[PDB]
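> Protein chains in written order, with the authors' numbering: chain C, 204 to 403; chain D, 204 to 406; chain B, 223 to 443; chain A, 77 to 149, 160 to 505.
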Amino acid sequence: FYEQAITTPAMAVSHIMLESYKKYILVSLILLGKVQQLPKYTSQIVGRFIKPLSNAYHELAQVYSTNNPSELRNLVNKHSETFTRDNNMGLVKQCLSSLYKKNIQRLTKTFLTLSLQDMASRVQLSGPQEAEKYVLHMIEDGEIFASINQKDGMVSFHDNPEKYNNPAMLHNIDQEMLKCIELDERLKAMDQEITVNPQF
Amino acid sequence: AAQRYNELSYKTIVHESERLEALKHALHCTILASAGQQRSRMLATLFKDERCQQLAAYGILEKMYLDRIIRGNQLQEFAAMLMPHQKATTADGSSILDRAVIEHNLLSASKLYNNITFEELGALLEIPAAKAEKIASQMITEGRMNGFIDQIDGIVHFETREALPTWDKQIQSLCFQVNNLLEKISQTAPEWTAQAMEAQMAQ
Amino acid sequence: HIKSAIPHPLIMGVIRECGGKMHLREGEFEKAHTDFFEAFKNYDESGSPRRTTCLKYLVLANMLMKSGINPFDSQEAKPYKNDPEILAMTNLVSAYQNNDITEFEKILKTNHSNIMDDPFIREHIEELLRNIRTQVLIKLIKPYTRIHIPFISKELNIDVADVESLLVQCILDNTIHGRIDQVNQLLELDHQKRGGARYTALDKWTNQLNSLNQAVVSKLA
Amino acid sequence: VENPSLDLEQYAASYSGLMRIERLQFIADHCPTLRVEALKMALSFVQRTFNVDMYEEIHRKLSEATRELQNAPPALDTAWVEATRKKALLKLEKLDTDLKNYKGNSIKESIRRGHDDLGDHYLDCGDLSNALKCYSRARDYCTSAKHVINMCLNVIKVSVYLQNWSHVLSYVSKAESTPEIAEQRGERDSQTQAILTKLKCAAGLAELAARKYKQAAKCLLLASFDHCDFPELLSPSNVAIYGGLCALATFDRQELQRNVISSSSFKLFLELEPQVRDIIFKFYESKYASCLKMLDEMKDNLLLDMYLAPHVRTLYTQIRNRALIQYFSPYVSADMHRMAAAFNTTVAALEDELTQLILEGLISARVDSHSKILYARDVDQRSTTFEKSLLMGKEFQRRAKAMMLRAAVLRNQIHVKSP
């Protein structure tokens, strides 16, 4: 929705576009690991006027890319007045928490069985207790595929949700195919409408 | 030697005792080794001979023909029928005859499986399971056994060769087994012959 | 430059020996084989100061060229090999060709004097051993989906480290198709291979490009 | 950064020139207390070859070193300076007058020879622009193709220090691909002619600078053992190090047995290199510990190799990564403790190395860091292709919503307009 609000053709800059762009960067930092590229058909005023006006948000993404939580904390405290002025303070806190989650998600690619103290030292959480909290939350929300061993104080990453033999996938693919079929009948209607009307 | 002796036994210029002499040596070459493929073709060609039915070991060739695992009885029968130089156990364990008998027994176990453990094939042919794996791998090395060996799971699988397109070939065979159902209609019981040739075919 | 001057003396086999010798220096047994081959022929022409030796190197060349098919097989070597001194070479080619390591090594160990004295034989023998063990392994591997490294060690009768080195060597060969658990020391081979899998993805990709061509145009004004 | 594993006696013997000055430069950059005596030997060297400007520069930096020798334990022969400089300028006028005389004599062999010799004396001055004039007026003023080759050889000897590889490589390729090498002979039919191996060294320096090192080693493959002589660039131990280690760093194991063991042209060069040969033996026998050990030992001495110094850090990192791939390849489950013993490392720092490789490269695995053990992984292509195809279906549906709403507002061609 924010992306579609930015793409709108524009000769003048409106405050709706500015705020949607700021919130676009925030939601893209939460949902994805980085800022999603806007299409080439986006207005010129976005890259000329809106981009340098919301400088703090691109600065926030610049500090987000270094994967350092304390530095992002320092930058959130730096421009805190600007983020509260736009009335989006809260989403930037979700960005901080998503950065922590991104740092715990980066551990699956390299580790299999990792200590809670090692995780607290690498992700920067202070204590194995907060590491256990974060891992448990992430398993419950379906963000990581891991298990907790309290006896040894270890975290065991599995990383195997599906082998693609369930009917579940059959039903998933059936539903996704029905969506593509709907789009094609919709696309057939759009194409027919355009063929009717032709130029003279 | 089997093709030598057999097609010397089929020629008619030679004396008749010498024809059946070449024939009985072709039967020696039947039983002393296990069957290679053209070998087995020549053995079945020997099986079509009434003069081989005149020979002493036609029951041995009969059990070769019916793909039968050779037990010790007919083993000792044709062991009474050998020449002592053909009874050579030259430090190979059991004899060339007998090792080839074990070859034919594993061969019949191959022709009838699709998998068998090293243990079930071992106790099947009265051999150790490790020796079953060993000699089975030596026959796959000889190629006349074919499949795939899982040492860890302990099973010499044969190439199982069974799936759903094979079952579609079995669907065409199910058309021919509706024809075999007509054969059961005409065949299995005579009251069933009359009444089923009435009911299933005319009604 | 022999090409330049052509007399035809008795000595002809010796120089041809040198070419093989050069290939002894080099280790290019392919050329040495022809060298000793013709040289041995010339020796037959001359006599046997060197003849048996030439044959020894020739057989050595055959093993290093790794083509045992015609060891003695010209016309003459077959009767020549009968010379018991040299007959051991026949045994080598046999045990090598037949790949009986016990027998082959037996001839090596038993006859240090006959076989082993040659520094080239002594030199190349390990390489030769690698080749033999490699082939025996090849024979061993085909039926197996999965195998134990220690099983192989016991089988081949060589050290596990040696086994691993040889296995890795086989991987270099691109012979082994499967992964090895180094910790567990076992080998799993992709006995049942399938290049079946790609096509679904490939068709998907082709369609994706189709989508690309379709989308860029349509979405684009 | 001081490595005492250098041989300056050989570089005094096998070499001379600016590199005798320049490797001291890396001494002057990083490797001190190996400086003052070779500075004075280089100062006595620049007492020859007509050079006074750089003579006084070596006297100046030797005075700097003398100020450093107010703590640790220079020569300006001004009579020589003025005498040699006036002789050199008067001989410049002599050879300008002789250039007039020989244009009066009109021998393009001798005229272009004078252009070559004047560019040689501007190398003797350090006037690379004036030597560029002279060889630029020796450029298309030759008689045979061999003389164009010799001209480009002299320009490449300048290009040792030019290294401006846009058109400096046009001169390098003007010696390489242009002059139909020895007019379809190959440096006159089995080269002893130190030209193509100079093109090996020139492409080595060039794609050292221009960083396509695979083609550089591809050049460095087939050097000839016959000549092996130049007192600034070509000694066969050093060029042997160049070719062997660039080929070890840039080429796959297919070619590492197929073109490194088989490289008979370069074979005697590795006969000059026993340690490179032993590193080759250990790496091909996957003996990672002592191989990467000797690698990183001579890494400091190839950091003493001034031009290889920035690139040896990249390439021995690649060779260590190549060794790690050589370990990781043939298994399904490798102990990292075995790997810690094999690569002379710990588990966890080794794990971070492997994680750095996990970021892009060939480590397909999961490490049970509860047990701290590697477990190599075959990523299933069925799972991979089904995954990417159905994620393509999800992106297909996001682009569906995109095109539906976007064309529902813009197939109308109606937008946020000017008011």
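C-beta: ideal position from N, C-alpha, C; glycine also.
Using a Cβ distance threshold of 8 Å, determine whether the stretch 446 to 453 of chain A contacts the stretch 410 to 419 of chain A, with at least three qualifying pairs required.
As far as the Cβ criterion goes, the stretch 446 to 453 of chain A touches the stretch 410 to 419 of chain A, which means the pair count is three or higher.
> Touch check for the stretch 247 to 259 of chain B and the stretch 278 to 289 of chain B: three-plus C-beta pairs under 8 Å?
Touching, per the Cβ criterion.
> In whole angstroms, what is the alpha-carbon distance linking C:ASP387 and B:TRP427?
Roughly 19 Å between the two C-alpha positions.
> Quick one, which of A:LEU110, A:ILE242, A:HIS207 and A:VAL502 has its alpha-carbon nearest A:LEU255's?
Checking every option, the nearest Cα to that of A:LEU255 belongs to A:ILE242.
> Within the same chain, show all residues whose beta-carbon is closer than 8 Å to that of A:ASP312, passing over the 5 residues directly before and after it, in chain order.
Cβ neighbours of A:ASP312 beyond the five flanking positions: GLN277 and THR278.
> Quick one: is A:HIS313 near chain C, going by C-beta distance under 8 Å?
Answer no: the Cβ-Cβ gap between A:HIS313 and chain C never drops below 8 Å.
> Residues of chain D with a CB under 9 Å from the CB of B:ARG368: which are they?
Here the neighbours are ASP353, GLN354, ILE355 and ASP356.
> Given D:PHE281, which residues of its chain have a CB within under 7 Å of its CB, disregarding the five upstream and five downstream residues?
Excluding residues within five positions, the ones whose Cβ falls inside 7 Å are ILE234, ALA260 and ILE263.
> Is any heavy atom in the ligand HEM found nearer than 7 Å to the beta carbon of A:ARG199?
Ligands displayed in this structure: none; no statement on the ligand HEM is therefore possible.
> On the three-pair Cβ rule with 8 Å, is the stretch 393 to 400 of chain A touching the stretch 404 to 423 of chain B?
Because the criterion of three Cβ pairs below 8 Å is not met, the stretch 393 to 400 of chain A and the stretch 404 to 423 of chain B do not touch.
> Pop quiz: A:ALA231 and A:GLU269 are said to be a contact at Cβ under 8 Å. What is the actual Cβ separation, rounded to whole angstroms?
Confirmed, about 6 Å.
> Going by DSSP, which residues form a beta bridge with C:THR316?
C:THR316 pairs with C:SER359.
> Taking Cβ positions only, does B:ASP403 come closer than 8 Å to chain A?
Yes, B:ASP403 counts as interfacial toward chain A.
> Please compile the residues from chain D whose C-beta is within a distance smaller than 9 Å of the C-beta of B:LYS361.
Those within 9 Å of B:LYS361 in chain D are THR344.
> Check for me: the alpha helix (DSSP H) holding A:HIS207 runs from which residue to which?
Counting along the chain, the alpha helix (DSSP H) containing A:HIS207 begins and ends at 194 to 211.
> Given a cut-off of 8 Å, decide if C:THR313 and A:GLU437 are closer than it, judged by their beta-carbon atoms.
Closer than 8 Å, so yes.
> Note down, in chain order, each residue of its chain lying with its Cβ closer than 7 Å to the Cβ of A:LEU356, except the 5 sequence neighbours on either side.
Only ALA326, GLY330, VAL362 and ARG363 meet the Cβ criterion.
> If we cut at 8 Å on Cβ distances, does D:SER311 have a partner in chain B?
It does not: the Cβ of D:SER311 has no partner Cβ on chain B nearer than 8 Å.
> Can you name the residues of chain C whose CB is closer than 7 Å to the CB of A:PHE472?
By Cβ distance, chain C contributes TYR367.
> Count the other C-beta atoms from every protein chain shown that fall within 10 angstroms of the C-beta of A:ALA165, then say buried if there are 16 or more, exposed otherwise.
Exposed, by the Cβ-count rule.
> Strictly under 8 Å for the Cβ-Cβ distance: is residue 151 of chain A near chain C by that measure?
It's not possible to place residue 151 of chain A here, given that chain A moves directly from 149 to 160.
> If you reduce the DSSP assignment to three classes, tell me which class D:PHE351 lands in.
D:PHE351 falls in the strand class under three-state DSSP.
> From the DSSP output, read off the bridge partner residues of B:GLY269.
DSSP lists no partner for B:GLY269.
> Taking the beta carbon of B:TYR302 as the centre, do at least 16 other beta carbons fall within 10 Å, making it buried, or is it exposed?
Classification of B:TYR302: buried, given that the 10 Å Cβ count is 16 or more.
> Below 8 Å between beta carbons: does that hold for D:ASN317 and D:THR391?
In this structure, D:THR391 does not lie closer than 8 Å to D:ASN317 by Cβ.
> Where does A:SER348 sit, in a helix, a strand or coil, going by DSSP?
Reduced to three states, the DSSP call for A:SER348 is coil.
> Tell me, please, whether the CB atom of A:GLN86 is closer than 8 Å to any CB atom in chain B?
No, because no Cβ of chain B sits closer than 8 Å to the Cβ of A:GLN86.
> In whole angstroms, give me the CA-to-CA distance for A:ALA296 and A:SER469.
Going from the Cα of A:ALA296 to the Cα of A:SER469 covers about 41 Å.
> Taking the C-alpha atoms as reference points, what is the distance between residue 155 of chain A and A:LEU178?
Examination of chain A shows a numbering gap from 149 to 160; residue 155 of chain A is inside it and therefore has no coordinates.
> Is the CB-CB distance between B:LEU314 and B:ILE291 below 8 Å?
Taking 8 Å as the Cβ cut-off, B:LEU314 and B:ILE291 do not qualify as a contacting pair.
> So is B:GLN404 buried or exposed if we call it buried at 16+ other beta carbons inside 10 Å?
Label assigned to B:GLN404: buried.
> When the cut-off is 8 Å and only beta carbons count, does A:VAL346 lie next to chain B?
No, its Cβ sits nowhere closer than 8 Å to a Cβ of chain B.
> If we define contact as Cβ-Cβ less than 8 Å, is C:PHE314 a contact residue for chain A?
Output row for C:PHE314: interface = yes.
> What does A:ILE444 touch in chain C if you count any residue whose Cβ is under 8 Å from its own?
Within chain C, the residues near A:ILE444 are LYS312 and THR313.
> For D:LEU249, is the classification buried or exposed, using 16 other Cβ atoms within 10 angstroms of its Cβ as the cut-off for buried?
Buried, since its Cβ has 16 or more Cβ neighbours within 10 Å.
> Which same chain residues, not among the five before or five after C:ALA392, have their C-beta less than 6 Å away from its C-beta?
Cβ neighbours of C:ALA392 beyond the five flanking positions: none.
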